[PDB]
Amino acid sequence: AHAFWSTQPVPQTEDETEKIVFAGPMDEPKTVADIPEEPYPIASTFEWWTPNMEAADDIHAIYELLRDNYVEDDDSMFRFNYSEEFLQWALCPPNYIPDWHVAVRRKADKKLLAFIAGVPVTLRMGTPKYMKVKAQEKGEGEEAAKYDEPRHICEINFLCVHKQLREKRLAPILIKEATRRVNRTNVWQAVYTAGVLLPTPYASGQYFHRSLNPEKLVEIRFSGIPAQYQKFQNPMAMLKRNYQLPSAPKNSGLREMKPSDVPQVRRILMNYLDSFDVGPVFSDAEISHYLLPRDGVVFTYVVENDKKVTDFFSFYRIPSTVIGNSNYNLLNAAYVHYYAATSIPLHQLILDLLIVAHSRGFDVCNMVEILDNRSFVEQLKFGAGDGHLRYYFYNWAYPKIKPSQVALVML
Ligand SMILES: CCCCCCCCCCCCCC(=O)SCCNC(=O)CCNC(=O)[C@H](O)C(C)(C)COP(=O)(O)OP(=O)(O)OC[C@H]1O[C@@H](n2cnc3c(N)ncnc32)[C@H](O)[C@@H]1OP(=O)(O)O
Ligand SMILES: CN(C)CCCN(C)c1nc(N(C)CCC#N)c2sccc2n1
Ligand SMILES: [Mg+2]
C-alpha cells in the first residue's frame, strides 16, 4: 500500500499506534559518521540545488514554484500563495540551517522542479500526561520519563513537486535527501503536518473558519449561503449581519507588540504552552522572530494596562489564488497563531483578533482545534470546515493524543 512509507521509521498502522505507551525513537541509534556524505542519487538530468532563502532572487524562484504548484483544493478553486516575505520568515528563524532547504532543478535550463524545507524547532515531545499516569500505575515511570527534556529537532514544510512531475516518485527522493541532510547535523527526528492521511498521525484536528467578508466568500464559492438563510427576504443581508464585527478593538490597552515586550510575552506564552503535551520551547530570539509584527506576514498585539503586558495574540497571513473569478484574484486569510490570556477570557481576546483582521482587509480567519481553540468556537461564530490537519513525527513513537493537547502551530 505504501511503497515508500513502509520503508521509513514511522508507526505503520493505528493498531501499532495503539500499542505505543512511551515516547522514544523508532530506529537504531546512528551517528553522523554513519550517514552518507554524498547527496542521495538522482537522475542524471536533474540536480540538487540549495536556495539561499535570505536572497530575494532565490526566494522568488521558490515562491513561483509554490504559487503555481503547491496545495490546492480538489475542485481546483483555490491554491495557496505564500508570499516571498512569508517564506523568508518561515524558513530562516534563528539558527536555521541553510542546507535544510532542498530543491531539485532540471540541469539543462535550470527549471525548478521540487522543494522541501526543514527548520530547527525545540520541542517538548516526551510521554504525554495521560500515558505518564498509566506508567505510574504500572511502576514504569522511569521508562516514561526518559525523553521528557525538550529536544532540538527538524520541522518539515513546503514539500512540493511541479505538476508536470507528479506521480513519478520524486517526493520520496526529496524526503530521503532532506533526511540525510538533517541526520548529517546529528538530528534524528522531525515533526510535520499534512491534510492527507499517511502512516500514522499522533494527533488530528479539524479546521475551523470564521467568515469576515461573507459577500466575497460566497462570490468566490469558498462559502455558500446556508439553507436556513433562505427563510429571509434578503439572505445575503442577513448573512452579512450575522458576521458583523466592531470597527475597532474592544480591549483597553490593546496595541502592537514591540521589542521591549519580548521577555513578558515569552514568559506568559511559555507558562501557557507548558499545559499541553506537545509544544515548542522558544528563546527570546525565537519569540522575537516568530511574534514581532512583520508587514504582510505576522500581526501581533499585546494587552497592556497600567504598564504591564497581561495577554497577547498573533495571527499570520496566507493568501490563496482564486482560480478564474471575474471580481477577485485573491482570498486573504488570517490564521490564528500563538496567544496567551491571563487577564481576560480567551473569547474576549480572540474577538479583538477578528476585529483587527477584519479592519485590515482579511476575508476569513482560519485555525485548527489545537491549543484552547475549541473554547471560543461557538461564541465567536467559527464553523468546522471539511479539512483535517494531521500531526506526524518521523522516527518517534508517540501515544495518540487529542488535538487540544497540541501546542505547535504549523505555518
Ligand atoms: C530526521 C529528519 C527527517 C526529515 C523528513 C521527515 C518526513 C517529512 C515527510 C514530508 C512532510 C511534508 C509536509 C508538507 O509539506 S504537507 C504539503 C504537501 N504538499 C502538497 O500537497 C503540494 C501539492 N502536491 C504535491 O506537490 C505532490 O503531490 C507531493 C509532493 C505532495 C507528492 O508528490 P507526487 O504526488 O508526485 O507523488 P510521488 O510519486 O512523488 O510520491 C508518492 C509518495 O509520496 C507520499 N506522499 C504524498 N503526499 C505526501 C505528503 N504530503 N507528505 C508526505 N508524503 C506524501 C505518498 O504517500 C507516496 O508514498 P507511498 O504511499 O507510496 O509510500
Ligand atoms: C503545512 N501546513 C500546516 C500549511 C497549512 C496549509 N494551510 C494553510 C491550510 N491547509 C488546509 N488543509 C490542508 C486541509 C486539508 C485536509 N484534510 C486548510 S483547510 C482550511 C484552511 C487550510 N489551510
Ligand atoms: Mg513525482
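Note that these values count all heavy atoms, side chains included, but never hydrogens, waters or copies made by symmetry. Along the sequence shown, the residues carry numbers beginning at 1. Just follow the structure's listing: the first ligand is 1, and inside any ligand the first atom is 1.
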Distance from atom 61 (O) of ligand 1 to nearest protein heavy atom, with residue and atom: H2 ND1, 2.6 Å

Side chains of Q379 and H347, donor plus acceptor under 3.5 Å: yes

Shortest heavy-atom approach to atom 6 (C) of ligand 2 - which of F80, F222, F208, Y391: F80

Stepwise side-chain hydrogen bond (donor to acceptor under 3.5 Å, both in side chains) check, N52 with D58: CA-CA 6 Å; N52 181 0; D58 289 358; 5.4 Å; no

Any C154 heavy atom less than 4.0 Å from ligand 1: no

Closest approach of any protein heavy atom to atom 2 (N) of ligand 2, naming residue and atom: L411 O, 2.9 Å

Show which side-chain atoms of residues 319-334 pair as donor or acceptor with protein atoms under 3.5 Å away, not counting sequence neighbours.
from	atom 1	to	atom 2	distance (Å)
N327	ND2	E219	OE2	3.0
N332	OD1	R317	NE	2.8
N332	ND2	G361	O	3.1

Pair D27, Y394: side-chain N/O donor-acceptor within cut-off below 3.5 Å: no

Donor + acceptor pair across side chains of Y96, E54 (<3.5 Å): yes

Which of the ligand 2 atoms, numbered from 1, are nearer than 4.0 Å to a heavy atom of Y82: 4 (C), 5 (C), 6 (C), 8 (C)

For ligand 1, the portion of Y392 having any non-hydrogen atom under 4.0 Å away: neither

Residue portion contacting ligand 1 (non-hydrogen atoms closer than 4.0 Å) for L198: side chain

Atoms of ligand 2, numbered as shown, that sit under 4.0 Å from any heavy atom of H388: 14 (C), 15 (C), 16 (C), 17 (N)

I153 to ligand 1, any heavy atom closer than 4.0 Å: no

Closer than 4.0 Å: a protein non-hydrogen atom to atom 30 (C) of ligand 1: yes

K111, NZ atom: more than 12 neighbouring heavy atoms under 6.0 Å: yes

Atoms in ligand 2 with a heavy atom of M410 nearer than 4.0 Å: 3 (C)

Per-residue contact class, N69 against ligand 1 - non-hydrogen pairs under 4.0 Å: backbone

Atom 20 (C) of ligand 2: the protein heavy-atom neighbour that sits closest, reported with distance to 0.1 Å: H209 CE1, 2.9 Å

Closest approach of any protein heavy atom to atom 13 (C) of ligand 2, naming residue and atom: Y207 OH, 2.7 Å

Main-chain N/O of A203 paired with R390 side-chain donor or acceptor, under 3.5 Å: no

Mode of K168 contact toward ligand 1 - side chain, backbone, both, neither (heavy atoms, under 4.0 Å): backbone

Mode of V182 contact toward ligand 1 - side chain, backbone, both, neither (heavy atoms, under 4.0 Å): side chain

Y335 N/O under 3.5 Å from ligand 2 N/O: yes

Heavy-atom gap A178 to ligand 1 smaller than 4.0 Å: no

Proximal ligand 1 atoms for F4, defined as those under 4.0 Å from one of its heavy atoms: 59 (O), 60 (P), 62 (O), 63 (O)

Contact atoms of ligand 2, heavy-atom distance to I318 under 4.0 Å: 8 (C)

Sequence neighbours excluded and cut-off under 3.5 Å, please list the side-chain donor-acceptor pairs for residues 34-41, or say none.
from	atom 1	to	atom 2	distance (Å)
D34	OD2	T31	N	2.9
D34	OD2	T31	OG1	2.7

Closest protein heavy atom (residue, atom, distance) for atom 28 (O) of ligand 1: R166 CD, 3.5 Å

Protein residue, atom and distance nearest to atom 8 (C) of ligand 1, heavy-atom basis: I156 CG2, 3.9 Å

Side chain, backbone, both or neither: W5 near ligand 1, heavy atoms under 4.0 Å: both

Is_contact(atom 17 (C) of ligand 1), protein non-hydrogen, under 4.0 Å: yes

Whether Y392 and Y192 hold their rings parallel, tilted or perpendicular, with breakpoints at 30° and 60°: parallel

